[PDB]
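For the protein sequence lines, the chains are A and B, in the order given. So the first sequence is residues 650 to 699, counted in the UniProt record's numbering. So the second sequence is residues 750 to 799, counted in the UniProt record's numbering. Built from N, CA and C at the ideal position, the CB exists for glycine as well.
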Amino acid sequence: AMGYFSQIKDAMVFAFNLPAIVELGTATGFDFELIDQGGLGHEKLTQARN
Amino acid sequence: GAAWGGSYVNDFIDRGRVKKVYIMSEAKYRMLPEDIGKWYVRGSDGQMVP
C-alpha cells in the first residue's frame, strides 16, 4: 500500500499496522517538546524550531 | 462600584498570557467623602447629574 500510496501526489497518505500498546511508542523514538519559556511568541518559537 | 472599588471587565493578552482588565477611579478622585460629588451619572435626558 505504501508503495502505491507514495505516488499519490495530491495528498500525503500513510498505511500502518496497529501498535501492540498505543501509548508505548517506538523504542528508538523520542517525544521532544520545544517550550516557549520567555514569551517570545508563535513566530519566534517557529523560527527556533526551524 | 466601578469608580470606588474597581470592576473587572474582561481579559486581555499580555505577552501571550491571559490577564484581567480593571477599571477604577484615579487615586486622587476616590480618597475623601467630598469626592463623591465629583461623580456624575447620566439621566434619560442626556444630561449629567451629580
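Mapping DSSP to helix, strand and coil, what is residue i?
i	result
B/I772	strand
A/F654	helix
B/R766	strand
A/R698	helix
B/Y757	strand
Which residues of chain A have a Cβ atom closer than 7 Å to the Cβ of residue i, listed in chain order?
i	result
B/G765	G688, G690
Three or more beta-carbon pairs under 8 Å between the region 682-692 of chain A and the region 761-779 of chain B, yes or no? The region 682-692 of chain A makes contact with the region 761-779 of chain B, as at least three CB pairs between them are under 8 Å.
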